[PDB]
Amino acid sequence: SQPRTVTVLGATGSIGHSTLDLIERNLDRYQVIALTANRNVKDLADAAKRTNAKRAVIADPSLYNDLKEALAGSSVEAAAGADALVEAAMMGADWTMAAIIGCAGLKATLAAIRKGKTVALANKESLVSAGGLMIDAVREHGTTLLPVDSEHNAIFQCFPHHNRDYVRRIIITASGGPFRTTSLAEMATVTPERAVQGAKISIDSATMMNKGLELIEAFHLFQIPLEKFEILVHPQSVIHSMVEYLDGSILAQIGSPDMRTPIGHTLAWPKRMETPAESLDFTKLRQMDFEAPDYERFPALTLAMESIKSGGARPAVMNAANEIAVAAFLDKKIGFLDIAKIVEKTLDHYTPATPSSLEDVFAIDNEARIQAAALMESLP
């Protein structure tokens, strides 16, 4: 078939870079429409020229002239600003990688979703903070939503789409983070350098908040009762997640950690494509371990469950407070164990009404951040 049209929102980050690596490696199969970046003008212009893209968009209006210059004498169109990001997402690409991080990516992601084509979703806030809204748009416009993160993609590959009732349970595997075998006592005094040893994501892995967030996203993605989800600690992180069917059969997605595997799955879907991802060598792996997550040592897991269980704006508030707490820890303003405490406090004192639009989500995120900062400061 003719070249497929593709657009990458957030083309210079880790996910974006891995995406472009695959697109470039198979440029003969793709027609790049738009690529966007936040402030990385150099890598953006390079990616655009490297794929003969129709348009390149830099998020910060301040960098517009720089982008134009980098694209001087090029057929590549240059644009900038938040509105331009949304316009790029509406250019018509059949396949869109939504990898702009944060609430800043919500507008463009929803816009792409509303186009009703294929959207490979990497942005976490879309489902954690605006899950109901995003999934509503997906269903309304017949969009093909393909999850990009490791666990979600693994689940998707083992999930009976169009027959959710076939699922008995979904198992989200977790490495357990750097403190899987660390006592609360020694955890209380870990330094940011030891915990991250992006930092934010690393810290979420340490507190296990990342799994709580993954749980929430999976709930929106697969639409099955919360009680059917299980978190299983698996140190090696080779089994990326699993799905058990009513007949007892458990389908699992296993492999090397190369992100080009899940990205490649979403890019080729419903087909399959070659990627340079290494083939997992089980003989060298030798062993796989499994154990129950310690809810006592990582209260973040419980907060996330209670949040999604209650629904409404709880998840959005939780996610927002965590952003504040994590940054505070990384800035040595609080202790490691204070992160989950600040998130919990925030959830307790701030319970806004459920969002009806992204504007409401933006409002909730901003307020929760203010609330969290206040509690973080008034911490005894």
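When you see a residue number, it is the position in the sequence shown, counting from 1.
The entry shows a gap from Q197 to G198, with 4 to 9 unmodelled residues of the deposited sequence in between. With 127 to 135 and 172 to 180 compared on mean CA B-factor from the PDB entry, the stretch scoring higher is 127 to 135. Taking the PDB entry as given, 349 to 357 carries the higher mean Cα B factor of the two stretches 349 to 357 and 51 to 59. Among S205, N163, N153, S237, the highest C-alpha B-factor recorded in the PDB entry belongs to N163. As recorded in the PDB entry, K309 shows the highest C-alpha B-factor of the residues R114, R272, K309, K211. Among the modelled residues of its chain, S241 has a C-alpha B-factor that falls in the lowest third according to the deposited record. When all modelled residues of the chain are sorted by CA temperature factor, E186 is found within the highest third. Sort the chain's modelled residues by C-alpha temperature factor and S256 lands in the middle third, per the entry.
In this PDB entry, the Cα temperature factor of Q287 sits in the middle third of its chain's modelled residues.
Sort the chain's modelled residues by C-alpha temperature factor and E87 lands in the lowest third, per the entry.
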